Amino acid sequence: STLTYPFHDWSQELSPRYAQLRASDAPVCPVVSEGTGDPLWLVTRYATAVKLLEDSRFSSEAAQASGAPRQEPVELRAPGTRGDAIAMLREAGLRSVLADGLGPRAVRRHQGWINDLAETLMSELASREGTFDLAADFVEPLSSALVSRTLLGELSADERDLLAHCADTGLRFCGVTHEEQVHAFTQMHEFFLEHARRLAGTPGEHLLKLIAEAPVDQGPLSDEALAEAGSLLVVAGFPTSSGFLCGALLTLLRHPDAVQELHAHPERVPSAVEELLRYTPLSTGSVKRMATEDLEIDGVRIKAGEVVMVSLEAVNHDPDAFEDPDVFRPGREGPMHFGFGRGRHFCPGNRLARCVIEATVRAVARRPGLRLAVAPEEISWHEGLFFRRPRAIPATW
């Protein structure tokens, strides 16, 4: 194939290429990685994505082994490490602890201060005269608090900035040198080699503490393994939450009549949270799986070792699954969205994510009149990030 991937759609306007692919006859389409030249397959239709992501012979772990074709310009790991940290934790027998640190018990522990913080932040903005920046003044402190209090432990401001910077530098398709990307993973790993044990020991019930204290049959977790967990929690939790919350705010500010309904009918907020997860695009790339044997999906042969990608954004905008997919329609009763993926790799951060998204939507819904202070086309976007994010969101009442 000569069609290079990704499609350079760094703003909320999805590349028209996704619709062209969806409308093609084949359910799986060949592309080539811009960053590596590797051949890849790409799925954009909901019905095919379901079959792929629910078939465990298309392996997520195997899409990382050395030699695997990939979309990313560099491997998403510090050199010399395993980089399969979620598998390593599950292998060590910690699914129990992961459920306790990320599941409904964690939401019950944290939802109180998350909603308090969202309201405090929004209230401070409501008290200002003039304009403010919802990215710097709302999303950054809320997402930083989520990561510190629920995942990593008490971070200094400088530590928070280092991790934010490593995530933004390493999780990119372009904009920096390959060497700079690899070094961002190395810097993050070296940080947690030195400090993860200390962070696991700070006050709170954050996940890194729960992992460090848990019983493991093969003897407690080592320094390298705790450091691998740290890097995982940054890459999985920080740029996703910050990018999504920024994008969701832009969606809410562009749909005032939706917000006025939520203001009038607070019980409708959960439905709007689910529609944001469908409608708001986050990743500029795709989830990936490697065929572990010769496989055939909807009639296309995939050879052992080939990698198949699913664009969650394309699937969430598939008109065969959603009527009027490019309309923001809370309470549309269609199928489940793909914002958190599908099947056995469904985002385990989904409970905490929904908590922070719900808190954000309610903070907005309680205060009608919030609007962009510039036109949407004047919003400036970070170009090349895996997780789309605006540079600023100028806003006002």
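Residue numbers run from 1 along the displayed sequence.
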*Where do the C-alpha atoms have the higher mean temperature factor in this entry, in 71 to 79 or in 236 to 244?*
71 to 79
*Tell me which of 264 to 272 and 295 to 303 has the higher mean C-alpha B-factor in the deposited entry.*
295 to 303
*Using the temperature factors in the entry, find which of 311, 96, 143, 150 has the highest value at its Cα atom.*
96
*Go through 116, 133, 223, 124 one by one and give the residue whose Cα B-factor in the PDB entry is largest.*
223
*Among the chain's modelled residues, which third holds the C-alpha B-factor of residue 201?*
highest
*State the tercile, meaning the lowest, middle or highest third, of residue 110 with respect to the CA B-factors recorded for its chain.*
lowest
*Tell me, lowest, middle or highest third: where does the Cα B factor of residue 38 rank within its chain?*
middle
*What third of its chain, lowest, middle or highest, does the C-alpha temperature factor of residue 12 fall into?*
middle
*asked:* Ranking every modelled residue in this chain by its Cα temperature factor as given in the entry, which third contains residue 368?
replied: highest
